[PDB]
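A single chain comes next, written as structure tokens; it is the form solved without this ligand.
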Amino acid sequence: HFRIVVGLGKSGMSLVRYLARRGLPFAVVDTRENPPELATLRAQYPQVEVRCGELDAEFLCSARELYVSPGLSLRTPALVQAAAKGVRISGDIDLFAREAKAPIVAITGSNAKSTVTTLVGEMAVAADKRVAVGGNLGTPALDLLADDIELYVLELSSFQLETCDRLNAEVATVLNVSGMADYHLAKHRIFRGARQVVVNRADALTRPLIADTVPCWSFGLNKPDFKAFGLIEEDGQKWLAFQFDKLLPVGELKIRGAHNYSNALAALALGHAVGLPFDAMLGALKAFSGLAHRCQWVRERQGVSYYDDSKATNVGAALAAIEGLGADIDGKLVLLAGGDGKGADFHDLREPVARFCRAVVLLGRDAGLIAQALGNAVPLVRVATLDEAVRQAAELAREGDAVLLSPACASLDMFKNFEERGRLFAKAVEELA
């Protein structure tokens, strides 16, 4: 029967391409008045009606089925009236789930899902599989469909799972949970029809009831047991481990901190469940420097490692990296910070800096402001350029320390965006003698 695309974004346009190539009659609605895709849609799909305006329950009831974009609230009045008359409320992921003829790795959770999703993708690439990665913010799932594909890796948001009826994922995981009942019930739908699950030993709420009847792999930071990825501590070294077997000393990883070890172990668990070899996975794990500008490893020079965390444009993001990297390393931190502070209260940085920093290097407009908030009990130096800051940190860092650009400020006083700031930080580091 008839179908309607409800919402015209990146996912909506993928629904336009999918329904058109399959030869199915459909129409499109959007609450805007000159949406961007309107010029392309009038030129490339001239036979499709595009109804721009406030949603009308009357118009939607001419469809037996609707595909709602993740942004829109499922409690929008027109959508509630349409489901009462019997319209099936669906979405791109629900169509993808019915059309896939290859296993699906399905990942949902907090912001941490980007590292795990990216890792499993690079692991599968290292294993010579034809793999498509998408979902959530990323390539729309329906665009990934192809008959040569051997493995789908999907980062799914709570909204995308709300309109999904039965995903039939080969392995599925909710990375972490800990009110907010609706958020976690939606995420939990990722387990509908799942043939394997990966659970977090640190968070009992990520374990679905089906873990008692389907293969259940776990990850965590303590010592692993049957079907578990964990940490073994033998001699003075911590090792990533599977069951009784030591896989790799964490010191050979480029990423740092407890959260990254857990993300690495979850990615090992997910990749294992789909038969990725350990040798391929561990090599990819060793080569992964991190996400662009999220505490990203740049270089090791004379036993000092340099980390680009330029995305930390606020106090909260920088405190997380100061405590995350500081608790993990053997030495101490040399922090580079400063820029546009947005009037933030920098007081929250004093104690972690006193506990983890050997010195602080300050640049940017609000460098004097951060200085007064840190006090006169940590060694401070104020510089004018990023290259001065990098060389000044290298003159302060002793072996085993970490040089951390976690500015806690925006970069627009001296740079184009934070990404150019991190890119130029890496350049100054790569140019040290």
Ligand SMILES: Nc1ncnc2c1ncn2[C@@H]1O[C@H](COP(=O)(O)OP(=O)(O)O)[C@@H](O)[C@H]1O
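Rigid core (definition): largest C-alpha set, two forms, superposition within 1.5 Å. One rule holds for the numbers: they count along the sequence shown, beginning at 1. Residues that one form lacks are left out of the comparison.
Although it is not shown, the form solved in complex with this ligand is what the next lines describe.
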Exercise. Decide open or blocked for this chain: this ligand is absent here, so superimpose its site C-alphas on those in the bound PDB entry and check whether 3 or more ligand atoms come within 2.4 Å of a backbone or C-beta atom.
Key: blocked
Quiz item: in the bound PDB entry, which of the listed residues (316, 275, 251, 215) lies with a heavy atom within 4.5 Å of this ligand?
Solution: 316
Exercise. Consider the chain as shown here, without its partner, and state which of 163, 305, 263, 196 has a heavy atom within 4.5 Å of this ligand in the bound PDB entry.
Key: 263
Quiz item: Is residue 329 close enough to this ligand in the bound PDB entry to count, meaning some heavy atom within 4.5 Å?
Solution: no
Exercise. Determine whether any heavy atom of residue 312 comes within 4.5 Å of a heavy atom of this ligand in the bound PDB entry, and answer yes or no.
Key: yes
Quiz item: Looking at the partner-bound form in the bound PDB entry, is residue 122 within 4.5 Å of this ligand by any heavy atom?
Solution: no
Self-check item: residue 155: touches this ligand in the bound PDB entry, heavy atom cutoff 4.5 angstroms
Solution: yes
Quiz item: Looking at 276-284, 95-103, 290-298, 359-367, which lies within 4.5 angstroms of this ligand in the bound PDB entry, counting heavy atoms?
Solution: 290-298
Quiz item: Hey, does residue 345 budge by 2 Å or more at the Cα between this form and the one not shown once the core is superposed?
Solution: yes
Quiz item: residue 275: with the rigid core matched between this form and the one not shown, does its Cα shift 2 Å or more?
Solution: no
Exercise. With a shift of at least 3 angstroms, figure out whether the C-alpha spacing between residue 254 and residue 425 grows or shrinks in the bound PDB entry: closer or farther?
Key: farther
Practice problem: Work out whether the Cα atoms of residue 326 and residue 220 come closer together or move farther apart in the bound PDB entry than they are in this form, the change being 3 angstroms or more. | Solution: closer
Exercise. Taking the rigid core as fixed, pick out the runs of 3 or more consecutive residues whose CA atoms all shift by at least 2 Å between this form and the one not shown, and give them in sequence order.
Key: 21-24, 31-47, 54-59, 76-78, 293-327, 330-433
